[PDB]
Structures are given as structure tokens and as C-alpha cells.
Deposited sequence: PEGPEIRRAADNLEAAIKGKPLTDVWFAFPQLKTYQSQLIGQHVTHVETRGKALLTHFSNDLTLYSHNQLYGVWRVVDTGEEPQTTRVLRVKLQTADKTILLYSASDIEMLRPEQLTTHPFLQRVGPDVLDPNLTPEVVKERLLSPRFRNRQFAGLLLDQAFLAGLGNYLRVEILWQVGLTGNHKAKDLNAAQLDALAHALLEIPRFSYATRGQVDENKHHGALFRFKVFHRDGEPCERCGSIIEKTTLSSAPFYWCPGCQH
């Protein structure tokens, strides 16, 4: 679940309960139980995302921070209904007609304003690829800054301190799109390559967000999990190798 999936989730959560008075609130964690009575009657004002971090803001200035990491998942159901699953329920925010449920996630914390501005993660993450204000220009600027210009892409594209929201599938799909291997550094690219990379870093995540689900051609994986299969661009056989602690899918025939 990378930036695009998380924003899609957040949009569904907002459509479900944004602005509606909470009729019941439940948290699995003992440390969060105290907030149950405090939030009943309040309402979610908006669901903000920063990369894969999701922030559910409430009308009393509290904010529930949740990060699904590799296994958390939200579900929208009609109030009263309980999904058929073996997953562990961690949060229930219920309104008159709709209820949202967070399953499996382990990183869940209730934040006060002071904790928001200085949260370790929220404080170290870089600009969000889904942020409309972020442009290819600013992205190029970032890639060439002394801070990132010498970083190999294999690790850079997974680092949320560079651009928030990029995960392993976006990492491999972006690099394949621009024909680059994971060992490249922004400082060694020619102007044409840097431009393509800069645009792809924003356009692919935004394309997945807009079309992988919901919609309104369609996003699809070109190399992610297609190792052993022929590249649709050059026909070479896609390979898989571990780079920066995550499986790197790439085509030796058109990625250089």
C-alpha cells in the first residue's frame, strides 16, 4: 500500500464519515481507550495524508495518526455490520449510517497539535508526490541538490525523506518508464533523462491514484512482479534482484 492506495483509502474514509457526528468510537489499544468517550459526539473534519501516513483530524483538535506499513487496511461498512475476516480490528469510528474500520495496523497514535508539528515521521518526510503544489521543476531541483544528487536511485526512491509516497512498485515502475537502472545518481544524468525522471516521479504515482482504482488508458504494471516475463517495450526477459532491501524488478534490455 503506497501513496496512491493510501490517498484512495483516505478519500473513501472522508466520503463515508467526514462531518458526521460520531455515535461510537473504539480502539483496541489500551493506551487509546481514554479517547473513546472524548470523541463520541465529535466529527472527523478531514483525512490528511502525507505519503503513506494517514491523519484523521477531529473537531476537537485531536488527530489519529495511522501508518499501515505492510499490512494495515481500512474498510468502509454500513453501521452495525461486521466484516467477515480473521484480521485484528484496531479502530472503529462509527456514525449514524457509515462506519470505518482499521484492521491490522500497529502504528496508531493519538496526537495533540504539539505532537503533530514535531512527529518524528511527519517531521522527516519530504514533499508528497500527490501534492498538487509539487511540480516537476521543484522535483528536478530536489534531485540535483547536494543532499540528493549523489544518492543511487534504488535507495533514493524508497526514502520518504526524498519524496513521500513512493514505495517499491512505484520505484520499479518509475525507473523502467524512464529507462534507468537503480545504480544511477541524479548528478550523472543528462538533461533529457533528468527531465523524464522528474516528470515520472510525479505522473506515475498520480496516474495510479487516478486510475488503478475508482477511475475518473488505465494504470498497469510494466515490470512489478513480472520477472521471468518478456518486456513489452523491448522483449527482453524481466529480472528480479534485491536492491536496497527490496526486490528490484527491471529489464536489462531497456534499462541502462
{"item": "Regions left out of the model, expressed as runs of the deposited sequence counted from 1", "value": "217-222"}
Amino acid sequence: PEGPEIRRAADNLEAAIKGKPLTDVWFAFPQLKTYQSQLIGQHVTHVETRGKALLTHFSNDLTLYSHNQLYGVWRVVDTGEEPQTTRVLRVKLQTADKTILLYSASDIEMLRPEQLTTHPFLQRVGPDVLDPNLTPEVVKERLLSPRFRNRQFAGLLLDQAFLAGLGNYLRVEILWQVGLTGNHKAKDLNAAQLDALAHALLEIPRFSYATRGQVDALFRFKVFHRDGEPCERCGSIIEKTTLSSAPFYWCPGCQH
From here on, numbers count along this sequence of modelled residues.
property	result
Given 100-108 and 140-148, the range whose Cα B-factors average higher in the PDB entry	140-148
Entry-level comparison of average CA B-factors, 80-88 and 156-164, reporting the higher stretch	80-88
Peak C-alpha temperature factor (PDB record), options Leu134, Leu93, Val178, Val172	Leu134
Lowest, middle or highest third - CA B-factor, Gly72	lowest
Record-listed C-alpha B factor of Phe27: chain third	lowest
Lowest, middle or highest third - CA B-factor, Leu64	lowest
Third of the chain's Cα B-factor distribution that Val223 belongs to, per the entry	lowest
Entry-reported Cα temperature factor of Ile17, expressed as the chain third it lands in	middle
